[PDB]
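Chemist: Below you will find the structure I want to go over with you.
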Amino acid sequence: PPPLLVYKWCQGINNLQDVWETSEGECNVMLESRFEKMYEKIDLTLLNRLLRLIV
Amino acid sequence: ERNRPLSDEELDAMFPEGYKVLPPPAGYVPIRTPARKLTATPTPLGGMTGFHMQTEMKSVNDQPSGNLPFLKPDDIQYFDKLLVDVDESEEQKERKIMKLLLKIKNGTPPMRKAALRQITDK
Amino acid sequence: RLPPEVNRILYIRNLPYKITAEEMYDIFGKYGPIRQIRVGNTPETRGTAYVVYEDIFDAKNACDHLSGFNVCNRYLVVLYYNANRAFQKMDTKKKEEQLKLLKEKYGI
Amino acid sequence: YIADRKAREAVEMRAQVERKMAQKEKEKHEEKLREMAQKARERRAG
Amino acid sequence: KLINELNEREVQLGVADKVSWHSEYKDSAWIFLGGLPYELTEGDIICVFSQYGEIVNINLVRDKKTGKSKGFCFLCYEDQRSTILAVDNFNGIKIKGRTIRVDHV
Amino acid sequence: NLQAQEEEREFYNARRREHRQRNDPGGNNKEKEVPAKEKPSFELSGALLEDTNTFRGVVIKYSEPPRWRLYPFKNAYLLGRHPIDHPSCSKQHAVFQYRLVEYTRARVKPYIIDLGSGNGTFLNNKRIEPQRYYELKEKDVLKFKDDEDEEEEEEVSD
């Protein structure tokens, strides 16, 4: 379930190797975004060739 | 019981008209004879199957003509002769047209009615 | 542990008109020894075949794994063949000689 | 369409390549195992 | 054969326990196994019917002169619910090709 | 006062019991509770056929070490004389039931069990006594005066 995903995400961060160590000047970056228009910009002609690779 | 071995006249007894018996080889037939011994032997041997990823015709038959209400997956065995579309060239056409049975068995109630009369008067 | 309706005979369809009995014997020969196999050589029955094995469970494993199995572009129709129907084309006779034999050899 | 034809052809070629590289390995494995077995039988004789 | 159809009218109609016709008895362990195969013997039927209980003593009817089974046995368990279980369960069973019958006594 | 009653009783097994419960004839050596095929136990090991554990058989005719076939154990197996026995053997010394080879779980491990064949069976040219499962390890040898053949076991590797 989505909240459990949030938990996997947090402990996933905290389990990374030396994640919080700033000693040498390490820098962490969290980035969140959207694809903006994604559905609307899918091209049918391309989508056909892309599906031909699958099914 | 029903597993008792059979004879070629008994073999000709079951299947209907118009089929041929084949040997492909004498050798593949010897494979079929060793197959019993090799059902034990080759099952105890190296074997496996795998698939490769590669890009890619698909024939099939329902009962088409105009309509032909649907065939259950088993009933094909009975009605297979109707599936082939070869048409219009005696008795074979009476058996072929007699598939109106299929219209009695499966279909809409009106198809069953009209079919039933049509076969009564014939 | 088997359904009664299945029988040692299997009706097999969705076959090509060029298909070779070599491929037939090879493929079908996995599950057990072939009792024999027939193939329609007649205008309507071309594309169909019947397979018969020395044992039923052979055919059971067959239709198990061969269900919708592929050849060329085709997925073969694999069904357990019916019984009775059109039979009496042949007769019941020729029992007398063999029964006289089993009555002679073993004497029983 | 061109990219698809040439692409399928290329991946096909790569496929026969991987298969060709595979069969040699299989036969090497079977010969190796047969050698181990023959050595085992020889150790069984003495 | 009639039993199994009585258990189906008892389950289908929602009889709900104590009105069950195994409450007909309450007094009796000994069960009746008829239609038994002639090759069977004491230790055997004991080994098959000790499944649903612990059988104390069984007298199988075997013809006095020839000394072979007449084909049925009256059995006695240590527990009644074993009898209820056995009649309601073990009946309509195949043994050596022939279906045995069981019922109270 | 020799025989009081001529019949008495038995309290013994019936032929139709043990018959119906085991039939190919009736057989002996019903599989124990553990038995499971080796391939699925290589599936719980997460092993494709490359790294999977498959036991292949090796034949040497006892007179000449110089394959009549090669046999997989992966697909228990009934080692007998030939029809009943699955693993048929042309050896004329094998009783109608000679022995059995069952893979059991203790891990998926191969086991050989003698059925008490009249002659016996030699393991590494050293016999084992009847009626107990004896684990086999790779490269071990089996032979069914009466030994016309030999056998060896191999795991699939390299």
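Ordered as shown in the structure tokens, chains take letters A, B, and onward, while each chain numbers its residues from 1 and ligands are numbered from 1 in the order shown.
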Tell me which protein, DNA and RNA residues are within 7 Å of range 44-46 of chain B, counting only C-alpha atoms, leaving out same-chain ones fewer than 2 positions away, and put them as an mmCIF file with N, CA and C atoms, in the first residue's frame.
Modeler:
data_model
loop_
_atom_site.group_PDB
_atom_site.id
_atom_site.type_symbol
_atom_site.label_atom_id
_atom_site.label_comp_id
_atom_site.auth_asym_id
_atom_site.auth_seq_id
_atom_site.Cartn_x
_atom_site.Cartn_y
_atom_site.Cartn_z
ATOM 1 N N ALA B 40 10.405 -44.698 -20.301
ATOM 2 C CA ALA B 40 11.217 -44.789 -19.097
ATOM 3 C C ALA B 40 12.630 -44.282 -19.355
ATOM 4 N N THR B 41 13.263 -44.760 -20.426
ATOM 5 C CA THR B 41 14.665 -44.421 -20.661
ATOM 6 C C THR B 41 14.879 -42.943 -20.950
ATOM 7 N N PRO B 42 14.289 -42.357 -21.989
ATOM 8 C CA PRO B 42 14.553 -40.946 -22.319
ATOM 9 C C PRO B 42 13.960 -39.921 -21.360
ATOM 10 N N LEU F 70 22.159 -42.518 -20.961
ATOM 11 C CA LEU F 70 22.461 -41.765 -19.749
ATOM 12 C C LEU F 70 21.134 -41.379 -19.112
ATOM 13 N N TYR F 71 21.039 -41.495 -17.793
ATOM 14 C CA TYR F 71 19.719 -41.426 -17.188
ATOM 15 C C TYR F 71 19.627 -40.285 -16.191
ATOM 16 N N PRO F 72 18.592 -39.450 -16.309
ATOM 17 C CA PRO F 72 18.303 -38.443 -15.281
ATOM 18 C C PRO F 72 17.474 -39.015 -14.149
ATOM 19 N N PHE F 73 17.745 -38.593 -12.922
ATOM 20 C CA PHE F 73 16.926 -38.970 -11.782
ATOM 21 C C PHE F 73 15.915 -37.893 -11.403
ATOM 22 N N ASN F 75 13.186 -36.395 -12.983
ATOM 23 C CA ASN F 75 11.796 -36.263 -13.416
ATOM 24 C C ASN F 75 10.813 -36.757 -12.363
#
Chemist: Sorted by chain and rising residue number, which residues of chain D lie within 10 Å of chain B, and what are their closest atom pairs and distances in Å to one decimal, counting only C-alpha atoms, as CSV?
Modeler:
residue,atom,partner,partner_atom,distance
D:4,CA,B:55,CA,9.3
D:5,CA,B:55,CA,9.8
D:7,CA,B:55,CA,9.5
D:8,CA,B:55,CA,6.3
D:9,CA,B:55,CA,9.4
D:11,CA,B:54,CA,7.2
D:12,CA,B:54,CA,6.9
D:15,CA,B:52,CA,7.8
D:19,CA,B:52,CA,9.8
Chemist: Using only C-alpha atoms, determine which residues lie at most 7 Å from range 44-59 of chain E, disregarding the query and same-chain residues fewer than 2 positions distant; provide the list as a PDB file with C-alpha atoms, in the first residue's frame.
Modeler:
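Dumped everything to selection25.pdb:
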ATOM      1  CA  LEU E  40     -11.575 -59.919   4.856  1.00  0.00           C
ATOM      2  CA  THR E  41     -10.905 -60.895   8.455  1.00  0.00           C
ATOM      3  CA  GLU E  42     -10.816 -59.508  11.995  1.00  0.00           C
ATOM      4  CA  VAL E  61     -20.450 -63.522  11.312  1.00  0.00           C
ATOM      5  CA  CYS E  73     -19.671 -58.035  10.891  1.00  0.00           C
ATOM      6  CA  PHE E  74     -21.137 -56.505  14.018  1.00  0.00           C
ATOM      7  CA  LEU E  75     -18.515 -54.265  15.575  1.00  0.00           C
ATOM      8  CA  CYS E  76     -18.154 -52.506  18.906  1.00  0.00           C
ATOM      9  CA  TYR E  77     -16.066 -49.367  19.511  1.00  0.00           C
ATOM     10  CA  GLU E  78     -14.957 -47.674  22.725  1.00  0.00           C
ATOM     11  CA  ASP E  79     -16.765 -44.437  21.818  1.00  0.00           C
ATOM     12  CA  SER E  82     -16.902 -42.911  16.770  1.00  0.00           C
ATOM     13  CA  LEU E  85     -18.676 -40.653  12.737  1.00  0.00           C
ATOM     14  CA  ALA E  86     -18.331 -44.097  11.176  1.00  0.00           C
TER      15      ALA E  86
ATOM     16  CA  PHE F  11      -6.136 -60.984  12.899  1.00  0.00           C
ATOM     17  CA  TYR F  12      -3.982 -60.508   9.807  1.00  0.00           C
ATOM     18  CA  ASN F  13      -3.678 -58.439   6.657  1.00  0.00           C
ATOM     19  CA  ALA F  14      -5.829 -59.121   3.600  1.00  0.00           C
TER      20      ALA F  14
END
Chemist: Only residues of chain F matter here; which ones have an atom within 10 Å of chain E, counting only C-alpha atoms? Give them as a PyMOL selection string.
Modeler: chain F and resi 5-17+19-21
Chemist: Quick one: DSSP helix (DSSP H, G or I) residues in chain A, as a list in words?
Modeler: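 Those residues are residues 2, 3, 4, 5, 6, 7, 8, 9, 10, 11, 12, 13, 14, 44, 45, 46, 47, 48, 49, 50, 51 and 52 of chain A.
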Chemist: Write the selection just made, keeping C-alpha atoms, as a PDB file, in the first residue's frame?
Modeler:
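Written out: again.pdb:
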ATOM      1  CA  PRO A   2       1.202   3.550  -0.705  1.00  0.00           C
ATOM      2  CA  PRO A   3       2.032   4.499   2.888  1.00  0.00           C
ATOM      3  CA  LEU A   4       4.044   1.323   3.290  1.00  0.00           C
ATOM      4  CA  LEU A   5       5.857   2.537   0.188  1.00  0.00           C
ATOM      5  CA  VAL A   6       6.643   5.725   2.075  1.00  0.00           C
ATOM      6  CA  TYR A   7       8.117   3.575   4.815  1.00  0.00           C
ATOM      7  CA  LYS A   8      10.194   1.501   2.383  1.00  0.00           C
ATOM      8  CA  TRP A   9      11.359   4.820   0.977  1.00  0.00           C
ATOM      9  CA  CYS A  10      12.449   6.313   4.283  1.00  0.00           C
ATOM     10  CA  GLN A  11      14.222   3.234   5.615  1.00  0.00           C
ATOM     11  CA  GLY A  12      15.548   2.807   2.101  1.00  0.00           C
ATOM     12  CA  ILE A  13      17.213   6.190   2.456  1.00  0.00           C
ATOM     13  CA  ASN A  14      18.472   5.521   5.960  1.00  0.00           C
ATOM     14  CA  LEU A  44       0.211   6.658 -31.493  1.00  0.00           C
ATOM     15  CA  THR A  45       2.442   5.742 -34.435  1.00  0.00           C
ATOM     16  CA  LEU A  46       5.409   5.348 -32.121  1.00  0.00           C
ATOM     17  CA  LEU A  47       3.287   3.587 -29.509  1.00  0.00           C
ATOM     18  CA  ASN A  48       2.460   0.935 -32.099  1.00  0.00           C
ATOM     19  CA  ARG A  49       6.102   0.082 -32.756  1.00  0.00           C
ATOM     20  CA  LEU A  50       6.738   0.151 -29.019  1.00  0.00           C
ATOM     21  CA  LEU A  51       3.964  -2.366 -28.410  1.00  0.00           C
ATOM     22  CA  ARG A  52       5.174  -4.552 -31.278  1.00  0.00           C
TER      23      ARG A  52
END
Chemist: Between CA of residue 118 in chain B and CA of residue 87 in chain B, what is the distance in Å, rounded to a tenth?
Modeler: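 These two atoms are separated by 21.0 Å.
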Chemist: Would you mind listing, as an MDAnalysis selection string, all residues of chain C that have at least one atom within 8 Å of chain B, where only C-alpha atoms are what counts?
Modeler: chainID C and resid 11 14 20:22 25:26 29:34 36:42 44:45 54:56 73:74 79 81 83:84 86:91
Chemist: CA of residue 35 in chain E to CA of residue 88 in chain E: how many Å, to one decimal?
Modeler: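 Between CA of residue 35 in chain E and CA of residue 88 in chain E the gap works out to 16.8 Å.
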Chemist: Go ahead and compute the interatomic distance for CA of residue 151 in chain F and CA of residue 61 in chain F, in Å to one decimal.
Modeler: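 Here the two named atoms are 8.3 Å from each other.
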Chemist: Using only C-alpha atoms, determine which residues lie at most 12 Å from residue 105 in chain B, disregarding the query and same-chain residues fewer than 6 positions distant; provide the list as a PDB file with N, CA and C atoms, in the first residue's frame.
Modeler:
ATOM      1  N   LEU B  68     -24.599 -18.434 -38.187  1.00  0.00           N
ATOM      2  CA  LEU B  68     -24.138 -19.693 -37.611  1.00  0.00           C
ATOM      3  C   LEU B  68     -23.904 -19.593 -36.110  1.00  0.00           C
ATOM      4  N   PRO B  69     -24.963 -19.645 -35.305  1.00  0.00           N
ATOM      5  CA  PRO B  69     -24.808 -19.462 -33.857  1.00  0.00           C
ATOM      6  C   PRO B  69     -23.769 -20.403 -33.259  1.00  0.00           C
ATOM      7  N   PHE B  70     -23.222 -19.984 -32.124  1.00  0.00           N
ATOM      8  CA  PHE B  70     -21.868 -20.344 -31.742  1.00  0.00           C
ATOM      9  C   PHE B  70     -21.706 -21.834 -31.439  1.00  0.00           C
ATOM     10  N   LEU B  71     -20.458 -22.303 -31.553  1.00  0.00           N
ATOM     11  CA  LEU B  71     -20.078 -23.689 -31.274  1.00  0.00           C
ATOM     12  C   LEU B  71     -19.266 -23.769 -29.991  1.00  0.00           C
ATOM     13  N   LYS B  72     -19.730 -24.584 -29.052  1.00  0.00           N
ATOM     14  CA  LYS B  72     -18.964 -24.913 -27.859  1.00  0.00           C
ATOM     15  C   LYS B  72     -17.635 -25.528 -28.286  1.00  0.00           C
ATOM     16  N   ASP B  75     -18.058 -29.280 -29.246  1.00  0.00           N
ATOM     17  CA  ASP B  75     -18.981 -29.639 -30.315  1.00  0.00           C
ATOM     18  C   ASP B  75     -18.335 -29.554 -31.683  1.00  0.00           C
ATOM     19  N   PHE B  79     -19.370 -30.845 -35.473  1.00  0.00           N
ATOM     20  CA  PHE B  79     -19.751 -29.869 -36.481  1.00  0.00           C
ATOM     21  C   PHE B  79     -18.582 -29.379 -37.327  1.00  0.00           C
ATOM     22  N   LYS B  99     -26.777 -29.725 -40.980  1.00  0.00           N
ATOM     23  CA  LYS B  99     -26.256 -29.050 -39.803  1.00  0.00           C
ATOM     24  C   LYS B  99     -27.248 -28.074 -39.196  1.00  0.00           C
ATOM     25  N   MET B 111     -34.472 -19.122 -34.036  1.00  0.00           N
ATOM     26  CA  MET B 111     -33.709 -20.040 -34.873  1.00  0.00           C
ATOM     27  C   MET B 111     -34.098 -21.482 -34.582  1.00  0.00           C
ATOM     28  N   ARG B 112     -34.314 -21.804 -33.306  1.00  0.00           N
ATOM     29  CA  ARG B 112     -34.705 -23.160 -32.940  1.00  0.00           C
ATOM     30  C   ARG B 112     -36.077 -23.501 -33.502  1.00  0.00           C
ATOM     31  N   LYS B 113     -37.027 -22.574 -33.391  1.00  0.00           N
ATOM     32  CA  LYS B 113     -38.364 -22.791 -33.934  1.00  0.00           C
ATOM     33  C   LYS B 113     -38.316 -23.034 -35.438  1.00  0.00           C
ATOM     34  N   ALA B 115     -35.908 -23.516 -37.532  1.00  0.00           N
ATOM     35  CA  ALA B 115     -35.137 -24.707 -37.859  1.00  0.00           C
ATOM     36  C   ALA B 115     -35.958 -25.965 -37.642  1.00  0.00           C
ATOM     37  N   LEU B 116     -36.630 -26.054 -36.495  1.00  0.00           N
ATOM     38  CA  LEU B 116     -37.394 -27.251 -36.170  1.00  0.00           C
ATOM     39  C   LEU B 116     -38.443 -27.536 -37.235  1.00  0.00           C
TER      40      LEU B 116
END
Chemist: Which polymer residues have any atom within 8 Å of an atom of residue 103 in chain F, counting only C-alpha atoms, with same-chain residues fewer than 4 positions away left out, as a compact mmCIF listing (two decimals) with N, CA and C atoms, in the first residue's frame?
Modeler:
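Here's the written file result.txt:
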# COMPACT_ATOMS: atom_id res chain seq x y z
N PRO F 35 9.16 -37.82 0.13
CA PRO F 35 9.63 -37.82 -1.27
C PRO F 35 9.07 -36.66 -2.09
N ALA F 36 9.98 -35.99 -2.81
CA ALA F 36 9.65 -34.89 -3.69
C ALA F 36 10.66 -34.88 -4.83
N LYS F 37 10.20 -34.52 -6.03
CA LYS F 37 11.08 -34.52 -7.18
C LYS F 37 12.19 -33.49 -7.01
N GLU F 38 13.30 -33.71 -7.72
CA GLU F 38 14.51 -32.94 -7.48
C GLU F 38 14.45 -31.58 -8.16
N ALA F 76 10.99 -40.66 -7.08
CA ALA F 76 11.57 -41.97 -6.85
C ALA F 76 11.46 -42.78 -8.13
N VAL F 108 17.27 -31.73 -0.43
CA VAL F 108 16.86 -32.77 -1.37
C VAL F 108 18.05 -33.70 -1.54
N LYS F 109 17.91 -34.94 -1.08
CA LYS F 109 19.05 -35.84 -1.13
C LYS F 109 18.67 -37.16 -1.79
N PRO F 110 19.57 -37.74 -2.58
CA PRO F 110 19.29 -39.05 -3.17
C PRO F 110 19.42 -40.16 -2.14
N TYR F 111 18.60 -41.19 -2.29
CA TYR F 111 18.64 -42.36 -1.43
C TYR F 111 18.44 -43.63 -2.25
Chemist: So that I can see what lies close to residue 153 in chain F, please list as a list in words the residues with an atom at most 6 Å from it, counting only C-alpha atoms and leaving out residues fewer than 2 positions away in the same chain.
Modeler: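 After dropping sequence-adjacent residues, the list is residues 57, 138 and 139 of chain F.
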Chemist: Restricting the output to N, CA, C and O atoms, write the selected residues as a PDB file, in the first residue's frame.
Modeler:
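Contents of out30.pdb, freshly written:
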ATOM      1  N   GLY F  57      22.642 -40.421 -14.569  1.00  0.00           N
ATOM      2  CA  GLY F  57      23.162 -41.769 -14.396  1.00  0.00           C
ATOM      3  C   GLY F  57      24.210 -42.084 -15.446  1.00  0.00           C
ATOM      4  O   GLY F  57      24.183 -41.529 -16.546  1.00  0.00           O
ATOM      5  N   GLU F 138      27.782 -38.452  -4.613  1.00  0.00           N
ATOM      6  CA  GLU F 138      28.170 -38.461  -6.017  1.00  0.00           C
ATOM      7  C   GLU F 138      29.364 -39.384  -6.231  1.00  0.00           C
ATOM      8  O   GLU F 138      30.184 -39.564  -5.329  1.00  0.00           O
ATOM      9  N   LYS F 139      29.423 -40.003  -7.415  1.00  0.00           N
ATOM     10  CA  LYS F 139      30.524 -40.863  -7.847  1.00  0.00           C
ATOM     11  C   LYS F 139      30.444 -42.248  -7.220  1.00  0.00           C
ATOM     12  O   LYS F 139      31.268 -43.113  -7.528  1.00  0.00           O
TER      13      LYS F 139
END
Chemist: Compile the contact shell of residue 65 in chain F as number ranges by chain: residues with an atom at most 12 Å away, counting only C-alpha atoms, same-chain residues fewer than 3 positions apart removed.
Modeler: D: 37-45; F: 58-62, 68, 148-152
Chemist: Taking the DSSP assignment computed from this structure's backbone, write out as a VMD selection string all residues of chain C that belong to strand (DSSP E or B).
Modeler: chain C and resid 9 to 13 34 to 39 49 to 53 70 to 71 74 to 75 77 to 80
Chemist: If you keep N, CA, C and O atoms, can you produce a file of those selected residues as a compact mmCIF listing (two decimals), in the first residue's frame?
Modeler:
# COMPACT_ATOMS: atom_id res chain seq x y z
N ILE C 9 -7.76 -42.16 -27.84
CA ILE C 9 -7.76 -41.51 -29.14
C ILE C 9 -7.88 -40.01 -28.93
O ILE C 9 -8.69 -39.56 -28.11
N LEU C 10 -7.09 -39.24 -29.67
CA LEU C 10 -7.18 -37.79 -29.65
C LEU C 10 -7.40 -37.26 -31.05
O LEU C 10 -6.67 -37.62 -31.98
N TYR C 11 -8.42 -36.42 -31.20
CA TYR C 11 -8.61 -35.66 -32.42
C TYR C 11 -7.77 -34.40 -32.37
O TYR C 11 -7.82 -33.63 -31.40
N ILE C 12 -6.98 -34.19 -33.42
CA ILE C 12 -6.01 -33.11 -33.50
C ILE C 12 -6.28 -32.34 -34.79
O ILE C 12 -6.41 -32.95 -35.86
N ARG C 13 -6.34 -31.02 -34.70
CA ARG C 13 -6.71 -30.18 -35.84
C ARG C 13 -5.84 -28.93 -35.86
O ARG C 13 -4.94 -28.76 -35.04
N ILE C 34 3.25 -44.83 -30.01
CA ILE C 34 2.09 -44.58 -30.86
C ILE C 34 1.44 -45.92 -31.18
O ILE C 34 2.10 -46.83 -31.70
N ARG C 35 0.15 -46.05 -30.88
CA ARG C 35 -0.58 -47.18 -31.43
C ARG C 35 -0.66 -47.06 -32.94
O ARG C 35 -0.21 -47.95 -33.68
N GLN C 36 -1.22 -45.96 -33.43
CA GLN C 36 -1.00 -45.50 -34.80
C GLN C 36 -1.62 -44.11 -34.93
O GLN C 36 -2.13 -43.55 -33.95
N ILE C 37 -1.58 -43.55 -36.14
CA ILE C 37 -2.08 -42.21 -36.42
C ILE C 37 -2.70 -42.19 -37.81
O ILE C 37 -2.16 -42.74 -38.77
N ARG C 38 -3.85 -41.53 -37.92
CA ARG C 38 -4.49 -41.33 -39.21
C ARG C 38 -4.53 -39.84 -39.53
O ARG C 38 -4.44 -38.99 -38.64
N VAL C 39 -4.63 -39.53 -40.82
CA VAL C 39 -4.63 -38.16 -41.32
C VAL C 39 -5.63 -38.07 -42.45
O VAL C 39 -5.62 -38.92 -43.35
N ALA C 49 -6.27 -34.88 -38.02
CA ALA C 49 -5.58 -36.14 -37.77
C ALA C 49 -6.07 -36.73 -36.47
O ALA C 49 -6.60 -36.03 -35.60
N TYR C 50 -5.88 -38.04 -36.33
CA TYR C 50 -6.22 -38.78 -35.13
C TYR C 50 -4.99 -39.51 -34.62
O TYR C 50 -4.29 -40.17 -35.39
N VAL C 51 -4.73 -39.39 -33.32
CA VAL C 51 -3.57 -40.05 -32.73
C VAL C 51 -4.06 -41.07 -31.71
O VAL C 51 -4.99 -40.80 -30.95
N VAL C 52 -3.44 -42.25 -31.72
CA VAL C 52 -3.81 -43.33 -30.81
C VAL C 52 -2.54 -43.92 -30.23
O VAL C 52 -1.61 -44.28 -30.96
N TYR C 53 -2.53 -44.07 -28.90
CA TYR C 53 -1.37 -44.47 -28.12
C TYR C 53 -1.63 -45.83 -27.49
O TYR C 53 -2.77 -46.26 -27.32
N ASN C 70 2.00 -25.32 -30.25
CA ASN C 70 2.22 -24.58 -31.49
C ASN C 70 2.94 -25.44 -32.53
O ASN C 70 3.82 -26.25 -32.20
N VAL C 71 2.56 -25.24 -33.78
CA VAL C 71 3.34 -25.70 -34.93
C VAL C 71 3.19 -24.67 -36.04
O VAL C 71 2.09 -24.16 -36.28
N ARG C 74 0.56 -22.03 -36.12
CA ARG C 74 -0.74 -22.53 -35.71
C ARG C 74 -0.69 -23.07 -34.29
O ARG C 74 0.32 -23.60 -33.83
N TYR C 75 -1.82 -22.93 -33.60
CA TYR C 75 -2.04 -23.55 -32.30
C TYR C 75 -3.03 -24.69 -32.50
O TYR C 75 -4.21 -24.45 -32.77
N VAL C 77 -5.62 -27.74 -32.38
CA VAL C 77 -6.77 -28.09 -31.56
C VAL C 77 -6.59 -29.52 -31.07
O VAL C 77 -6.53 -30.46 -31.87
N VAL C 78 -6.52 -29.69 -29.76
CA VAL C 78 -6.25 -30.99 -29.15
C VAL C 78 -7.46 -31.36 -28.31
O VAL C 78 -7.74 -30.73 -27.28
N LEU C 79 -8.19 -32.39 -28.74
CA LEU C 79 -9.36 -32.85 -28.01
C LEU C 79 -9.32 -34.36 -27.87
O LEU C 79 -8.73 -35.06 -28.69
N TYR C 80 -9.96 -34.85 -26.82
CA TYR C 80 -10.12 -36.28 -26.65
C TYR C 80 -11.23 -36.77 -27.56
O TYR C 80 -12.35 -36.25 -27.52
Chemist: For chain F, which residue out of B:48, B:119, B:26, B:104 is the nearest one, using only C-alpha atoms?
Modeler: B:48
Chemist: Using only C-alpha atoms, which of D:24, D:46, D:34, D:17 sits nearest chain F?
Modeler: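 Ranking D:24, D:46, D:34, D:17 by distance to chain F, first place goes to D:34.
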